[PDB]
């Protein structure tokens, strides 16, 4: 057999530029190629053979024999056109995350074979950001039709190994391997087995449905909730550390969590052990910061001072307070963590409405309609492997003003600390700024850092799956 059938969530977009949720990145990974790719000890050559520079400026030398699905030579102008189109068309949040601002300098040179990126101020995260599927290269046929990229394949747009051949919206996305592609990344790791010719990315509505369809052979790979583990042999399971979870409040003037006393009361109600039990059942790990111990600066001083549980004080504060609680269904099986949080808030006398929605709908709400909810457990994908990703959700200009500040938080201290992380002379001054920024954001009740989850793949005999270098959107499927 040459086909793999993979369980996944419904995409909200098949355009790299509009990618916000994991399924969007999963599809973008098959159809488009990024300049660099994740492997152990950092980043590996992909569509760029090598690069030079630092936080203030990077120069990528593009690789030879790189082709689009029509035949266009992938040249410096093709890449710079793609990366410019990304900078202009992607969500403000993911652009400032990639470039430290909305107006990077991007300039090709077909003679030199170079693509030069000059962020409007130094941005360390730029290199790691260009490993992320959403920065995958869109060939000229794709730039001609951006509305087309959203719903599936526009002939010749693909820089990547697969073309989406059949689409059944919200059901199945059938990918076929292109015969004219040997532009694989320069992996240091050796993978056992063969690149699948077909990938059937198959929407599962539910974790129970995921498990059943591995067990009955309707699926070859698929995500399992921790409760389903015992249905499988240890050999059928591949567990990786994945999303890092933390609270995000709507802190805008007139909203209930504009008032810090209300945010503190939520912190006083959220038992982090109980939240971990409901969400991961002990397959995950608690974290006081925006990442795991593998995250750059995540062990540097200072550690945040978390608000202690105080259910009595919280009951006085939240009596009849109206809370629009938005929940992603990845936060525990069918959003069980969001259910726990609603119940802890209701127990404190709050008038809580929970909307538990699929990851695609959740992402559209958080990034498109920020004023439409009060509180969410944010399941972050820390692509860049730094604390910067998380700090950006709470600092700088509001998302409403084309910034990355999802919450609309105004922390003077954290804003200034985000600025000194950028001016930092050394890695150590950078970690001290990042660490102090997280401590400040926790001390002022802008967030509660919760946990790092485990992504558990359950698989059938003859199928492997690998995640290299702590990567999140680069699931390496193989037939064995």
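Numbering follows the first chain given and starts at 1.
- Two stretches are in play, 61-69 and 27-35, and the higher mean C-alpha B-factor belongs to 61-69.
- Relative to its counterpart among 398-406 and 166-174, 166-174 has the higher mean temperature factor, C-alpha atoms as listed in the PDB entry.
- Reading the B-factor column for the CA atoms of 267, 375, 106, 387 in the entry, the top value corresponds to 106.
- You'll see in the entry that, of 179, 285, 260, 358, the Cα B factor peaks at 179.
- Annotation for residue 333: CA B-factor lies in the lowest third of the chain's modelled residues.
- The deposited CA B-factor of residue 76 belongs to the highest third of values across its chain.
- Annotation for residue 454: CA B-factor lies in the lowest third of the chain's modelled residues.
- Per-chain ranking of the deposited C-alpha B factor places residue 469 in the middle third.
- Residue 184 sits in the highest third of its chain by CA B factor, as recorded in the PDB entry.
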